[PDB]
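These notes are about the structure you will find just below.
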2 protein chains.
Amino acid sequence: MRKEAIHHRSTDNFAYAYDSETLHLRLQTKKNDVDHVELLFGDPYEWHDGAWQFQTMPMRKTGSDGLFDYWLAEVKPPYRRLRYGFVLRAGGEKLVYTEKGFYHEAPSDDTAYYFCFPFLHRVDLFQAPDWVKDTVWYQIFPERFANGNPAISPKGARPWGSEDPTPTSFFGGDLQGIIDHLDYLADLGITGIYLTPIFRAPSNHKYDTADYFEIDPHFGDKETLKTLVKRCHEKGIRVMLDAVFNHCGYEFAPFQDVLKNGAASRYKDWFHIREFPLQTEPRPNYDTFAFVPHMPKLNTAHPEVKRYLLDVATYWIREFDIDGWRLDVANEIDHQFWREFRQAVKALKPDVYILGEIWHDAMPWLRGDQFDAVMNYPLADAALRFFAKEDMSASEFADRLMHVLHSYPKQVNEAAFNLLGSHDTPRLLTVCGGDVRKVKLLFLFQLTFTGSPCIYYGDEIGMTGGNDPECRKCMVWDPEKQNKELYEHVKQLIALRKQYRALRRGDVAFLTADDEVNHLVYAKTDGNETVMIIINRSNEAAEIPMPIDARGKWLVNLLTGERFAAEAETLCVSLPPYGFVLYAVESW
Amino acid sequence: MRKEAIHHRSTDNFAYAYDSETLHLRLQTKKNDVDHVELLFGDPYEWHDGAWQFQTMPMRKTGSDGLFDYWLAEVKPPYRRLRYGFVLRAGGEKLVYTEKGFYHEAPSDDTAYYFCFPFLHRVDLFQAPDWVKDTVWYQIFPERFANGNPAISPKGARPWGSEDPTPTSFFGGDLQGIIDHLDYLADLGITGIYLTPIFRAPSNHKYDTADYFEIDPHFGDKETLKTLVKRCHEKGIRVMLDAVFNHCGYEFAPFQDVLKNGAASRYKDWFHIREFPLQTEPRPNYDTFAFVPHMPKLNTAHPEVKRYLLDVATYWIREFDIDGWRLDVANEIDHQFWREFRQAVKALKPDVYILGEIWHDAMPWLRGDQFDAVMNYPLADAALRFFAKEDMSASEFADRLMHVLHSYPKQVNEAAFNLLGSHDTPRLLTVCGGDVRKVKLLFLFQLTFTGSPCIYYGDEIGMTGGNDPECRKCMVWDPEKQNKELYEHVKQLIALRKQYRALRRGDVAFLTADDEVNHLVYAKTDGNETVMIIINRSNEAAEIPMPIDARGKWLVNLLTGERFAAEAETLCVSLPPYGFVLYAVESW
């Protein structure tokens, strides 16, 4: 029973608290090494006859990447304290994995033997706002969405050639634009907009931030903004702004002051100037975003700086009732600051959503003391790798999916910002080879996957751009130039979700085969709810089977309505080339 | 090359920052599955020709429990940001482990492939006070050390029968006692005392705390205390007090007020009263330490409570310049509080030592935001399991040792409170079967192991008690009743340590054999320093071999002085029954 594969730890995803009364304890073991695995537990203060008392509950397998299995144990310890170990049996073999080691039997003379969860505290419980779990985000890039009261920059009118626009130059877009096409989104079905930086800055992208307290004139003013919000909350849309605290622009006052003062500048330590005489020759002589001189790294460890950004994070939450905060290059900021950030904002408006940009494992930030979630780029990676590049397979995709999924405690996943692209990646369509057949499948996956998804403005109407900055083309508002077939598709999925719980906040369950490299079928479940999803990632009609539960009464096809009855053990679903279909099993 | 064994994560012990310029990245693999394993790295912003640039450094094996190996990579990333992957080669096989998965080759088109350490920040660096790394703790239990100005409780005079004392009753001990025998310790060589609760409380153990701001009259007063400290700092001893914040006593004012007010008590939420009418019938109807009615659990999540204990933690640090804080049942307190605790105390007197009582894995508390270390009980477990019970073997002991050791980032270990017993466990001697031969070996291990050790007052002079409360017998101040042979032993080890760096803050390295179940030989190293330690955990003379380095010039035996020369590849060390010996290899 290969012990190198078995593993557990009383921290993070392997062990955490779901609610103020339940704990989640997951055990990782080899592929199909263990046929079982019970959870041995008891209060660390429960004894009898000088022997630590404890009972054992069964743990069920909940997935498995390519090599491991992952089991789970939902236990509500009485008095909130509990000591535990695992009893995995693979036939005649019986082991008793414990924090101390393995045992052919369960030690009872001491508690020190087993792993331990001291005390379940609500305060340490990871709790993201419950509302983000039901919404569908739409991220707009102001400088390219919709032009309003032309108080814009003197340059390039709307769109150019069918191809070649987006020249790292302004097109006129502004905040007034969003306020106008608000009904377009309200029709589509999005329940929240995440919009790129809109604070005073000399650039088509306000990342070179010059004044965190003043909205770039070009986009508008506090009034224009005050409207966008009012109107949105009216429609049921939450506005999420972008916080660029990791750095500033060559125009930021303090930094500008480190040029007409230097070492005398009261803002010398506001940055990371290793050597003075501020020389950005071969490259900046101070820390910058990448190597961007016009992007000095701020010193968040500095009391003043820390007090500045923190007054900024609360300003726009007070003066504009915004419902979130996106953190640009959030992973490059000292953990200390973020807990202070979370304390301020969650103290002001507890419902604010703190999202951090982290294209990699962000466990260190999702412990409940900092972020509420991150821009889930790893999932997108897997999605694009399957449907777009068609690199991996249905089983590998299912694995890599069951993987990243398990590397976090449920609640964390239940609030994941599941995007597929953004102002920083090639357009979804160009990535699909122009085959809107695939794009339709991707939207089907995302809008079918639990979490808090987000659509990149252009991508819903068959837009095409590719790698940055081509991915920020001006929005296509031409009813003739925009794929309504695709737009319609996304609109029915967003609603299919809004009404089918399991789709937005339920547990997945893949059913892939090693031989059938192109057949993906998974079931979103949530209590009695079940919404199966068949998919033929092929370019030739296929016959993908789908098992129906005997307890099922009906089998209503979504997006079409064809509602039939189970009465079978399996149902060979026939699909066209890159076809797909959804089913919502009943119960009787 | 079994992939189930390989594993890494960009968090905790597997990856962390040692200093403000160096990172430690450890890779775990199967037993002897990999003959090598290089560290592939580079700045996440280092590109060329649309390809992410990176170089590769070799990683060395630094240990291995029973199944794994653990490798290590010391890298100082330029600009403080770095993306990495591992290249493990086992013969012809070559894998490229990455956060995304395995690859027969190193992907270069994207950085998203590899693991990532965003930014090395001093503020997030785990830094315990450098002084605790050189000291040797001595923990006294006031109510049983030395009687001073008899302002004690009316009961039992000093000691009783050779056996049967310690009846859960006071013997008269007090703070004046310590101030008197301070030279005894100053001779022994201890550089700091950790003393059990001394705050007003009706009990031989002040855990039923009744007033965190007032020293139990019986022990003395602010003056007596002010002296103990002054005197200690004079001798080079740091005083560490015990903080009992997880609960209080049936006499604590607030709780006492929840009896003459009940629901009207302004202190109703100061505790965890599930049901009112406060009934501790079959057992408390509110949360308690174990099930101790006279020990109500405090509510640290409450602003007032939180503000109370936090004013207590700083009081005795201001008014008495104490150098530490022991946290009783620290693991049962909400992580939130501890970061607030650390912020207060480290803000007042940064050098204060925050120690937490956790008899199990405390990674969640040793991230640099809460504790400086914990009462390392797992190590003691292994030590007693080897030398006392003689349960496991020399190789198993070495493994379990290399295990717990690797489950933490170095700096954490370098400040571990390595004790072997305390007021809560059977006496070291009784645990050795009265065989002071073993006790001498245990002291040899501990005082030879890196970290910040601590001796339980009685244990140094061949005292004997056993399981609580027998382990709190009155100190044996009788020159005739106290084993001077053992006392002398400990005194020469404490000095052997005080002068030989590698012993207190260096890296270990076991050399055990599968056949020779009773021969343990390890080398403490630190730069040029090397102090070998041979040990024959047997009851019959043995011939344990010890390899000498060719670069070695001398080979001075410690505790005896016999200094000879290497001139060999190995040196068959002959030892008596439970003998042992230390060597300090030279260099030339």
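Taking only DSSP H segments of four or more residues, each worth -39500 (n - 2.57), what value at 222 nm results for the protein assembly as shown once the sum is divided by all its residues, to the nearest 500 deg cm²/dmol?
Working: 24 runs with 234 residues, N = 1176.
Computed ellipticity for the protein assembly as shown at 222 nm equals -6000 deg cm²/dmol.
Counting other C-beta atoms within 10 Å, which of B:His218, B:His121, B:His104 has the fewest, and how do the rest follow?
Numbers: B:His218 21, B:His121 18, B:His104 8.
By the 10 Å Cβ count, ascending, the order reads B:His104, B:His121, B:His218.
List the distances, in nm and shortest first, from the label point of A:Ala290 to the matching label points in every other copy, placing each point 7 Å from Cα along the Cα-to-Cβ direction.
Those label-point separations list as 6.2 nm.
So if I take the alpha carbon set of the stretch B:1-125, get Rg, then get Rh from the Kirkwood formula, what is the Rg over Rh ratio? Walk me through the numbers on the way to the answer.
Working: Rg = 14.1 Å, Rh = 14.7 Å.
With Rh from the inverse mean 1/r over Cα pairs, Rg/Rh is 0.96.
Within the stretch A:509-562, list the GluC sites (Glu not before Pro) lying in a DSSP loop whose Cβ has at most 16 other Cβ atoms in a 10 Å radius.
Values: sites: A:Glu516, A:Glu529, A:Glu540, A:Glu543, A:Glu562; in loops: A:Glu516, A:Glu540, A:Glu562.
Within the stretch A:509-562, the qualifying GluC sites (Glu not before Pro) (loop, at most 16 other Cβ atoms within 10 Å) are A:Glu540, A:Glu562.
Listing A:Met392, B:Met402 from the residue with the fewest other Cβ atoms within 10 Å to the one with the most, what is the order?
Details: A:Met392 16, B:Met402 20.
Placing the least packed residue first, the sequence is A:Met392, B:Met402.
Please report B:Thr530, B:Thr314 as a ranked list, fewest other C-beta atoms within 10 angstrom at the top and most at the bottom.
Details: B:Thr530 23, B:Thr314 17.
Going from least to most buried by this count: B:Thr314, B:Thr530.
B:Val374's amide H: which non-local residues (gap 5+, or another chain) put their own amide H closer than 5 Å, with H modeled 1.01 Å from N in plane and none for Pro or chain starts?
Those qualifying (amide H under 5 Å, at least 5 residues apart or on another chain) are B:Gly356, B:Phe417.
Between their Cα atoms, which of A:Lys155/A:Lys346; A:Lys306/B:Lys498; A:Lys230/A:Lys297; A:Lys61/B:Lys30; B:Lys410/B:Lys481; A:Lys389/A:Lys491 are more than 31 Å away from each other? Could the numbers behind the result be given before it?
Details: A:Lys155/A:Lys346 41 Å; A:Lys306/B:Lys498 42 Å; A:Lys230/A:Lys297 34 Å; A:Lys61/B:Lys30 24 Å; B:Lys410/B:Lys481 41 Å; A:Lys389/A:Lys491 25 Å.
Long pairs (Cα-Cα over 31 Å): A:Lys155/A:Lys346; A:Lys306/B:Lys498; A:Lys230/A:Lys297; B:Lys410/B:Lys481.
Place a +1 charge on the Cβ of each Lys and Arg in the stretch B:506-588 and a -1 charge on the Cβ of each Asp and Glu, then give the dipole magnitude about the Cα centre in debye, rounded to the nearest 20.
Numbers: 5 positive and 13 negative charges, 56 e Å.
That gives the stretch B:506-588 a dipole magnitude of about 260 debye.
Give a quick list of GluC sites (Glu not before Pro) in the stretch A:350-420 that DSSP marks as loop, anything other than H, G, I, E or B, with at most 12 other Cβ atoms within 10 Å. Could the numbers behind the result be given before it?
Values: sites: A:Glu357, A:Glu390, A:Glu396, A:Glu414; in loops: A:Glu357, A:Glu390, A:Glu414.
Those that pass, being in a loop and sparsely packed, number zero.
Which one, A:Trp554, B:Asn261, A:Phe141, projects farthest toward the positive side of the charge dipole computed for the protein assembly as shown from Cβ point charges (K/R +1, D/E -1)?
B:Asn261
Within 10 Å of each Cβ in A:115-124, how many Cβ atoms from other chains are there, averaged over the peptide?
Details: counts 2, 6, 3, 12, 8, 1, 8, 3, 6, 7.
Mean shielding by partner chains, rounded to a whole number: 6.
Note down the magnitude of the dipole of the protein assembly as shown about its Cα centre, charges +1 on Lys and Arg C-beta and -1 on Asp and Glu C-beta and zero elsewhere, to the nearest 20 debye.
Working: 132 positive and 170 negative charges, 286 e Å.
Dipole size: approximately 1380 debye.
Whose amide H sits under 5 Å from the amide H of B:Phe68, counting only residues 5 or more places off or on another chain, with H placed in the peptide plane?
For B:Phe68, whose amide H was placed from the backbone, there are no distant partners under 5 Å.
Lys and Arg at +1, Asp and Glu at -1: add these up for the other residues within a Cβ distance under 10 Å of A:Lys349 and post the number. Could you put the intermediate results ahead of the total?
Details: positive: A:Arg318, A:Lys346; negative: A:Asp321, A:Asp323, A:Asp351.
Once all neighbours under 10 Å are counted, the net charge is -1.
Would you please state the base-10 log of I(q)/I(0) at q = 0.20, 0.26 1/Å for the stretch B:387-448, with intensities from the Debye formula using one equal scatterer on every alpha carbon?
Calculated log10 I(q)/I(0) at the listed q: -0.95, -1.24.
Which residue in B is nearest the B/A rotation axis when you measure from the C-beta atom, and what is the distance in Å?
Minimum Cβ distance to the axis, with residue: B:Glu4, 3.
For the stretch B:245-294 and the stretch B:548-577, what is the centre-to-centre distance using only Cα atoms, to the nearest Å?
63 Å
List, in order, the whole-Hz ³J(HN,Hα) value for each residue of the stretch A:21-32 obtained from phi through the Karplus relation with A = 6.51, B = -1.76, C = 1.60 and θ = phi - 60°; use x for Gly and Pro.
After applying 6.51 cos²θ - 1.76 cosθ + 1.60, I find 9, 10, 10, 10, 10, 9, 10, 9, 9, 5, 1, 10 Hz.
Taking the Cα centre as origin and putting +1 on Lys and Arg beta-carbons and -1 on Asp and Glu beta-carbons, what dipole magnitude results for chain A, to the nearest 20 debye? Working shown, then result.
Working: 66 positive and 85 negative charges, 148 e Å.
The dipole magnitude comes to about 700 debye.
Distance between the C-alpha centers of the stretch A:78-100 and the stretch A:5-73? Whole Å please.
Centre-to-centre (Cα) distance: 7 Å.
Whose amide H sits under 5 Å from the amide H of B:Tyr194, counting only residues 5 or more places off or on another chain, with H placed in the peptide plane?
Hits under the 5 Å cutoff: B:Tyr138, B:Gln139, B:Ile140, B:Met240.
Return the tail of the calculated pair distribution for the stretch B:506-588, meaning the percent of Cα-Cα pairs more than 17 Å apart. Can you show the working numbers first?
Working: 1528 of 3403 pairs.
That tail contains 45 percent of the Cα-Cα pairs.
Based solely on C-alpha atoms, express the radius of gyration and the Dmax of the stretch B:278-424 in angstrom.
Just the Cα atoms of the stretch B:278-424 yield Rg and Dmax of 17.9, 53 Å.
To make sure I understand the rule: partners must be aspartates and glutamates, Cα under 12 Å from the Cα of B:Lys206, and not fewer than 8 residues away in the same chain. Which ones qualify?
B:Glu143, B:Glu214, B:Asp216, B:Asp242, B:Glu251, B:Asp328
What number do you get for the stretch A:246-299 when its Cα radius of gyration is normalised by 2.2 N^0.38 Å, N = residues? Mind showing how you got there, number by number?
Numbers: Rg = 9.7 Å, N = 54, 2.2 N^0.38 = 10.0 Å.
For the stretch A:246-299, the normalised Cα radius of gyration is 0.97.
At B:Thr560, with labels set 7 Å past Cα in the Cβ direction, how many nm apart are the copies from this one, shortest first?
9.0
Straight-line reach from A:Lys484: which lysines fall under 19 Å, measuring Cα to Cα and dropping same-chain residues less than 8 apart?
Output for A:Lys484: A:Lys438, A:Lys440, A:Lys473.
Dividing the convex hull volume of the Cα atoms of chain B by its residue count, what figure in Å³ per residue is obtained? Before the final figure, lay out each step's value.
Working: hull volume 109.0 nm³, N = 588.
Spelled out: Cα convex hull of chain B, divided by residues, is 185 Å³.
I'd like the Karplus ³J(HN,Hα) series for the stretch A:44-56: coefficients 6.51, -1.76, 1.60, θ = phi - 60°, whole numbers in Hz, and an x wherever there's a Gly or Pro.
Going residue by residue, I get x, 10, 9, 10, 5, 6, x, 9, 5, 7, 5, 10, 10 Hz, with x marking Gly and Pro.
Which one, B:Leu241, B:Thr227, B:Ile215, is farthest towards the positive end of the dipole of the stretch B:206-252 when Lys and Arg carry +1 and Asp and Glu -1 on their Cβ?
Comparing the listed Cα positions along the dipole, B:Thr227 ranks first.
Counting alpha carbon pairs within less than 8 Å and at least 6 residues apart, what relative contact order, in whole percent, applies to chain B?
Details: 1284 pairs, mean separation 61.5, N = 588.
Worked out over chain B, it gives 10 percent.
Hey, for A:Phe102 with labels 7 Å out along Cα-Cβ, what do the inter-copy distances come to in nm, ordered shortest first?
2.1
Are there GluC sites (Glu not before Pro) in the stretch A:1-99 that DSSP puts in a loop and that have at most 14 other Cβ atoms within 10 Å, and which ones?
Details: sites: A:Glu4, A:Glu21, A:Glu38, A:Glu46, A:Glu74, A:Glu93, A:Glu99; in loops: A:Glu4, A:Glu21, A:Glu46, A:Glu99.
Listed in order of number, the matching sites are A:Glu21.
Binning at 20 Å from 0, report for the protein assembly as shown what percent of all alpha-carbon pair distances ends up in each bin.
Result, from short to long distances: 10, 37, 35, 16, 2, 0 percent.
Positions of Cβ are generated from backbone atoms using ideal geometry, with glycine treated the same way; all protein chains shown enter the neighbour counts. Computed from the coordinates by the stated procedures, all read-outs in this text should not be read as laboratory data.
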